[PDB]
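Coordinate inspection notes
These are the residues of each chain, in order.
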Amino acid sequence: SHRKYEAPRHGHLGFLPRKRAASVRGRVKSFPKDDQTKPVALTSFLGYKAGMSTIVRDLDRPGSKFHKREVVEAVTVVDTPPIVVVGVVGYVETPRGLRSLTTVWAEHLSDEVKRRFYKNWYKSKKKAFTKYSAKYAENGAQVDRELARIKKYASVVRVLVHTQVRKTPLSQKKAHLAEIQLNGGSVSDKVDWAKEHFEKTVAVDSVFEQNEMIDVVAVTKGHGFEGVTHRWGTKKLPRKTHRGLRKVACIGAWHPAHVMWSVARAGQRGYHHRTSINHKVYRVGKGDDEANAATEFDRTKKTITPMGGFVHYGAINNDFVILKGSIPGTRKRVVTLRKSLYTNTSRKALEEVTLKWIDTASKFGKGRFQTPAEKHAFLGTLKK
RNA sequence: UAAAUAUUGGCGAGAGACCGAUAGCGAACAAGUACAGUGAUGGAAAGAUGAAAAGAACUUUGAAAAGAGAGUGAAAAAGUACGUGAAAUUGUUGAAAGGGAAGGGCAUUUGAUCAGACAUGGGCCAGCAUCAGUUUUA
RNA sequence: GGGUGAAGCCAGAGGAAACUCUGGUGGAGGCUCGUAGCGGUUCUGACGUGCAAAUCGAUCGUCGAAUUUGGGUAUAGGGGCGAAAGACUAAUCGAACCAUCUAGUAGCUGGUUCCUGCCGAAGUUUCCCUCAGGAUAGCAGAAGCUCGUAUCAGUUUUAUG
RNA sequence: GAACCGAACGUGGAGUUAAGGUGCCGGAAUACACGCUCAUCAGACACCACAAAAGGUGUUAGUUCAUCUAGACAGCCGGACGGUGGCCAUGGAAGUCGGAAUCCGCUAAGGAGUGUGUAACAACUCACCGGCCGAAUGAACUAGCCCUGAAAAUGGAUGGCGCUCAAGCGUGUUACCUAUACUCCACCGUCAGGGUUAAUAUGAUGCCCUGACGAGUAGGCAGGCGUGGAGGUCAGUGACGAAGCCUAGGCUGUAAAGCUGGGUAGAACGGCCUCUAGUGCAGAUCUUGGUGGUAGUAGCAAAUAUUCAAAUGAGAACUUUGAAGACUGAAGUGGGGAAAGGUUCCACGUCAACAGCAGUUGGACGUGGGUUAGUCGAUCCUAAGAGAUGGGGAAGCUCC
RNA sequence: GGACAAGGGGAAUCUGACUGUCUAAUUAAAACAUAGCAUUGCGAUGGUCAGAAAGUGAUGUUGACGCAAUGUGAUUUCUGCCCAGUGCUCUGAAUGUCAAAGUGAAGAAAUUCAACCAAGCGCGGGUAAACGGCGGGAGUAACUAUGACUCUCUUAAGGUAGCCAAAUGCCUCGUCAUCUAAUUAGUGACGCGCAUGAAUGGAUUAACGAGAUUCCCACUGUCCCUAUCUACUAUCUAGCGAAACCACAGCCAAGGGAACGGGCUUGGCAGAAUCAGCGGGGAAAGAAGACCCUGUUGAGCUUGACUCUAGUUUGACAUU
RNA sequence: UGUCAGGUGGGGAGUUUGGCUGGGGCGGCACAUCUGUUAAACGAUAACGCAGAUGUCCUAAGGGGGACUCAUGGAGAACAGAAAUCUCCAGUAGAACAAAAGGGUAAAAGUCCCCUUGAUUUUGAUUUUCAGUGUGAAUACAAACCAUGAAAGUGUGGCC
RNA sequence: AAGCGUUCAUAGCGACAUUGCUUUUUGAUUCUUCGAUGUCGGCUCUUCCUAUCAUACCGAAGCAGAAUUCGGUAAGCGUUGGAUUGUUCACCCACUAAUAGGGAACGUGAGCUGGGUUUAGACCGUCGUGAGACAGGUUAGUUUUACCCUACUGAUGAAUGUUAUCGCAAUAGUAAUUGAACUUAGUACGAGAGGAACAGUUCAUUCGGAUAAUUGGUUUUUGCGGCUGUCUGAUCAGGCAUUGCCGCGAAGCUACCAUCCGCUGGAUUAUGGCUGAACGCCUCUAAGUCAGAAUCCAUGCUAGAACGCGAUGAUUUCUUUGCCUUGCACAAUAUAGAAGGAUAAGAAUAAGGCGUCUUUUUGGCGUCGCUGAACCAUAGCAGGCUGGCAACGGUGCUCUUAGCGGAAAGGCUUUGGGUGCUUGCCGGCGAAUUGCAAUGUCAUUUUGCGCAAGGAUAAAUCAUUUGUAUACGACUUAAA
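Residues numbered from 1 in each chain as written, not as in the entry; some residues may be left out. Chains lettered and ligands numbered in written order. Part of a larger assembly, values for the part shown. Heavy atoms only, no water.

Its PDB header names cryo-EM as the technique used to obtain the model and reports a resolution of 3.6 Å.

Quick look at the overall build of chain A
For clarity, the cut-off: Strands are runs of DSSP state E lasting at least two residues, helices are runs of H or I lasting at least four, and both sets are numbered from the N terminus onward. Using a 1.4 Å probe on the protein chains alone, a residue whose accessible area is under 20% of its type maximum counts as buried, one over 50% counts as exposed, and one in between counts as partly exposed. Residue contacts are defined here by distance: any two heavy atoms, one from each residue, within 4.5 Å place the two residues in contact.
The helix and strand tally for chain A stands at five helices and twelve strands. The principal-axis extent of the C-alpha atoms belonging to chain A is close to 80 × 75 × 55 Å. Taken over 384 residues, chain A has a buried fraction of 39%. Of all intrachain contacts in chain A linking residues separated by at least 6 positions in sequence, the fraction that spans at least 24 positions is 78%.

A look at the protein's contact with RNA strand E
Here is the rule we go by: Here a residue is considered near a molecule or strand provided that any single heavy atom belonging to it is located within 4 Å of it. Each polar contact in these results corresponds to two N or O atoms within 3.5 Å; when the atoms are within protein, one needs to be able to donate a hydrogen and the other to accept it, and residues that are neighboring in sequence are counted only if both atoms are side-chain atoms. Each residue receives one of three labels: charged for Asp, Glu, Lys and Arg, nonpolar for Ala, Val, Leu, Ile, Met, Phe, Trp, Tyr, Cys and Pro, and polar for the others, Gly being one of them.
Every one of the 16 residues lining RNA strand E counts as a neighbour, but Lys-235, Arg-243, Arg-246, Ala-257 and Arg-265 are closest to it. Here the atoms of RNA strand E within 4 Å of the protein split so that 72% fall in sugar or phosphate, with bases taking the remainder. The contact in question runs from a phosphate oxygen of RNA strand E to an N or O atom on the side chain of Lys-235, over 3.1 Å. Classifying every residue of the surface near RNA strand E by side-chain character gives seven nonpolar, three polar and six charged.

So, the side chain of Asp-215
Looking at the secondary structure, you find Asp-215 in strand β8 (residues 213-219). At 3.5 Å, the side chain of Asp-215 forms a polar contact with the backbone nitrogen of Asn-278. In this view, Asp-215 contacts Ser-276, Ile-277, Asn-278, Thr-336, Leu-337, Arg-338, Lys-339, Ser-340 and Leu-341; residues no more than four positions away in its chain are not counted.

Looking at empty space enclosed by the protein
Rules: Only protein atoms enter the 1 Å grid, on which a cavity is a set of points fitting a 1.4 Å probe that cannot get out and a pocket is an open set with protein on both sides within 12 Å along at least 5 of 7 lines, lining residues being those with an atom within 4 Å of a point. Grid points are joined across faces, edges and corners, and a volume is the space filled by probe spheres set on the points.
For the coordinates displayed, the defined rule picks out one cavity of 30 Å³ or more. The calculated volume of the largest cavity comes to roughly 30 Å³. Surrounding the largest cavity, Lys-49, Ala-218, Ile-327, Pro-328, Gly-329, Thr-330, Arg-333, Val-334 and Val-335 form its lining. When the residues that make up the lining of the largest cavity are grouped by side-chain class, the tally is five nonpolar, two polar and two charged.

Describing the pattern of salt bridges
To keep things clear, this is the line we draw: Each salt bridge in this description consists of a side-chain nitrogen of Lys or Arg and a carboxyl oxygen of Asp or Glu lying within 4 Å of one another.
Under the criterion given, the structure shown has eight salt bridges. Between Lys-151 and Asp-192 there is a salt bridge, with its nearest N and O atoms 2.9 Å apart. With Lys-151 in helix α2 (residues 141-152) and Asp-192 in helix α3 (residues 188-196), this pair connects stretches of sequence that are 41 residues apart. For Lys-151, a relative accessible area of 37% gives the class partly exposed. Residue classification places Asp-192 among the partly exposed residues on the basis of a relative accessible area of 33%. Shared partners join several salt bridges into a network, and the residues in it are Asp-58, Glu-70 and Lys-356.

What follows is the structure, given as structure tokens:
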């Protein structure tokens, strides 16, 4: 017999399967579509999620009821120390997809990167990239052959990149290696850029600009096993139920005499790899500056980090990015910011933003005061 | 009122084309016993070391049980968990195969293993030629 | 351990009288709220190869009498007892249990132990408190006896119904 | 695929066909010859797993009738009146609301008129005939293959892949594949018809010759294999090793089975002629006894609670002593009895089993010790009841 | 009442008055009991009841304000009509019927055919707080329903007071009114009511109910819509260590087939060993279907089924 | 009190409470028989297939012999009429024969008139259903004894 | 297709006849199951069908516009909240874009519920003399077991030299959904009444994936503070009341009860068109071709074949006893199957190749194909041992100079040197006996054995630790 009351199904099918996923890093599965007319630039970046904070700003939607008004918003702060290039990879077009031709590396690798190749660093002899470093004692015999090989063949040229994790407050030491594709003019100009940029550092100001849309990529919250009702979002069974009432009652129906793939079951929740789209940037601050949050309306000398600090993280003494809304991931986690694939004329992404005020109260609790100078003005001076 | 006639009980003697310890009486053994039921009643399992206990003195490892040696005897592959010691079922070693079961029948190949008249003085496996019987193809 | 406060007594107020009101005292009832005690409503909760062949929890009914219970004594199977449900009568009840007659009877179910060789069926006719069954003929095997090309044939032809 | 088509079967060898097939899976012509079909849902082989009425200028063949030396159809222009508004009908009917007449002229041809249109005319348009052009066209029907008609539930089935002058549909002509069928030979058994000890060794039940046949449940008869005992007989076998048991050793028989090498073991047991029976097992929710997978899994969670050192001991989460925390809270986890059990009380020794973990502890196990009454109970009296005697029943056990 | 302890309340309808009692382990009720009411039998040589029998018993250490046998079920209020049928009962009239023993006649006797005849049945009377029935079926008409006369069918009588789509109404979710935004429900009226109705008790009703049913107030995770916390499990380890079940085993689609394959046929396919969960399959386990039919198989209960019987009652003979 | 006889006696005892059947039960009879058909041109042949019958009536409606023609139509005769009785012509059965249906029959097997008891006795053989048993019915003789007719004959119940 | 529809058979309808399809109604039948397949509905959850109620894009009208009616390709996407009834069905009150119909053992009971039917208790009416009956009404009545195999949802993992980083993408899955307002405009259209649409702005509905700055919830933070009863002689400071109770309450977890985010290209269907035969015209079609829808396919997102691959990093002692690269012999082990040679134009097929001239091009003039029965290699003991004649070529083995080849390049030409053989043409010695045939053994893989040259001199697990993770593994960190 038929259903009776036809309602929409629980959960999205496309997001199956639901595993742990191997990597903790985001991993960009596709980059933008390239243009040989435009100049050379990086398509992506690496950072760390610090926390969240409120923001008040203007509004210029001629049409809405809140035209030229103060509007409170949600925001996510991202710690982004300077990037360090240390490699080049050639990729050749074949009938069976792309194929890696040759990897090249620089002379002087740091101990942040070299830790990644070992599991037991303290016990090891630290022998990595020693015999490769001897190849650079020939001016550039074996170097410029393989760079000219990548110049002749291959239509795509990516760059190996790692994060600086001695500057950040994390107890990590290890770096995070990652490929970032170069989308620019020609193949020859990509490799000329790459050899000059060995060891050389890269900032965030070169990659991203203010008032721009970004795609975010990172791994979600932990949780673990979880049942049916919270994982999928099914209805509770009545109170008067023998043997459980937080389940699906009927799985399927015999003939077909099997359990269907579409049925909601118990199994792993969280820690999944998701890529979010359209997140507008409000600020691209700098580490070498007192008064980061000093807007033109406010003008009070205070750093972006609140009273006490960011909870389960610490502080920020480097460049950072204020993204609108939420970001998929926990704190202390790696996140890869990607440029948009399609240029919007949507009117949201086009409006020019100017921040009016940023909050810096102790989010570890319910803080009233923003800075210690304000606190000593309200109460004092007893008795310490 | 004896005799010729009866007799799955009792006391005493003979026999068998009868059973051979899941048989034969319920009972070959401390069996109407152990045990169950308020009670009338119900009611099992359990035979075999060796000719002779000669039933393993003495050393050494272990807290001890036992173990390794030694010793008794024709034999301990007879040690009082005892003549012989099958199958289900298990451990070790050796040989072989294994992409949603294995296990069979016909025919080969390879690997293993095994019967069968060349011994006297010092049979098995094929090839060609001319014939017979049955066929096929120019 | 509380609540309610019936008869019976004592004192006052009103009234011309007949009598009528108010205050104490007293402690009635198959009354009433509730502990131990005795029961077993609902959760159709727990457990459901259990702690348990009927228990566990919370919620509930009744709680000074048609009450609850020990020891002794009476009633025994077509009998006993029953404020009556065919209830209870030693986990056994629309007729208990123990032995014997008893290896009760069954047109009904299930099983029925070694090889090759030769022949090879039937589910149809008549009768039956016959229709899941028997008798009777038909079909089958075995043993053969009297004879040795016979007066035969699931067939044809000529003549004729 | 129980039943359809072809064929009925002892064991093997060689040839040849039946029904059905020959792109590949699959052994065998990607043979030969003449047509038809192209499907945005093609079709594909009896019983058999479906399709109809009704339709198509999709294409192929055919039947009956017509016009043709300008076809005539085209297909673009020219005409479409004169008598005439014909009689009638009635507001008005003039070819065109209708009822009947249906005739002439000029004629190349023009109906007393095919419709449009108007109150009725007017105006347009056909029927019929020319003008341009130069060889086949027009109507009505019949059946072939294709298409529309043709909508069901998990993903799906000419057997599948795939096939388009086919590997499809209809028809013809040859080769080739192949059944336990047919022909011929070898061997087995059964049945029939003969011939022969006329001394002439060994079974007259013998020893030969010739011919046909062979499927089979229920059922019947025949000839053999094995098990336990009884009578006879091989002056059978055996402590120099009988019976039993084990064996990817061997030999014989179609088979039931039998004989024999190697190992183990330690007292009896075989063949041939006959007698006799508690004489052969895979099934019975069979009977008794033993052992598996499941599985080192289910589980050992209710009565609030344990901790630190010291001692004994081979060994201590659990025994004994100390210290600290706790609970029952006097309708009690306190102190005594009744029924019921019967040494469980108590000491010394001591852990193979039992105390669903452990154990030096124990209501366990081994060996002993322990209950003292004139006054506390029983004994004595009677209760609801039970029950002899004298008597009377009943064949009587016994009943009142 | 700072912990602990401790009633939710209101307006109705059906039903039994109340306290009480039962299906031990699925039914606690509207069932049973009850006070009250009524009926029947009995004066001891008696009623009711036991026993195989007795010089034997229970009621009864009794005597009608008692013992025995039934119905109804407190109070208020009423209990209408019908003795044809079926029971029960009688100082009813008899001779319609009617046993053995005895009486008579016939016969050689066995026998035979006659009258005579006890109770009990038939015939007559009584009885419904005995079992039961109290229906309708036809018609006549005043006026446009009129409820006064006739008969008579199943026998005798034809539903009186009362109450209702009621736990009793098939047609139905009756029609009208009310409660709601909306009501197959609830309550109030209507009644030719398939098939209501008077101690087989009718109508009403204060208190009481772990009884059934509808609505209103307060209250809330029942619900919109789920979220979080705590202990004890599960989970992992040390030790100890089972049962159910089991032909053989365990991947799908279609086909045909005992008409719904895990094994046959044609395709899809296919990679050691394993751990938490879970309830789609294994037509998953539980029990020789209890429903249904068959059997010439049974048992429990009932009765003008067939054949008997203890007890009791009438008559004859003996005791005499 | 004892023995025998008559009534009462579900208080108690024992036993039965058909079959077929598009499940059973309620209906119906297909359960002993008969006619036509289904039934497929010898016989045989099914269903709760179709249309219908029987559990009797008859001393004459049995048996024999002799007379004579019926249905219906047409033409004529007072009351008399579509229909009473009377007469002639045509008349192969279109009538009648105890009942269901089919077959059979014309100087008759129909209708009327004369005489009677073959609806009698003794026993076997034989067809049909069929086991080639019984039951029922039916057919053909032998030995008798009668009826009827001038006789030949016919008759052992109802034309089959 | 007789009539209806003012006129007019077919806009929409359609009598009298007649062919079908379907198994969501109910009968007919009794093949499967009676040593049991748990029988009514509701709750919960998944997927399939189209005979389409809505939404996308079109055709027809008795379509002026608005509303509605009939049909086409379409199952992509959605289809509700309540009163009464045990109900399926039914009937109402609203909302809505719309409140379409069905299947899956009449889906779904080791998933729940037990109101219904359906046992025993009991009551009422009709029927029966009576026990009892009633497809009449009424009330109270027991819902057992997964620890096994497959299935699904997550999680480890032996083995391809060992270990570690960074990637490609075969295949499988896939998602967005519908409305309201402002403007267009009170404009088109219409006598009026009424009353559109495309583009352009802002917001909502249902659904999905993350997230915790704020608001709300949770409180064993037993963090602070308050209050009862009792116990420690009093005060201070605490125990117990199975978390004693009460108020506020960080951290974490969480809510359309809180905030953010949810893409743009190509090829088609219906349908409407262009050029244009068949059929001298006409025609959207026969050949060819332009636009086109919630359809399909990519882009993007999710997993990553544990028997699909690639690139890069480091590769173990001196007890010697072992590692890698290249040549010796020795030795086992096998080979879906060597036995002269896998011998390189591209495009057309109602057309091409090769050679040679020239208004260098879709150009002239000749010639070949009709099968590879080809073309290159080919005579010597499985190919011996030595001579000359004639060329100055052909080849094998080594070594070097150059370059080309990334799709899986692991191979192709190429200068030169050195060193053999040479059947281009003539000479001189040798072979027997394997006894008349018996594949008569002449390949090519792996492999670890000892040699003797050249070369280099490590990691991962366990234990410990951490929380961005966590049933247990695993994952993420740290540590001379």
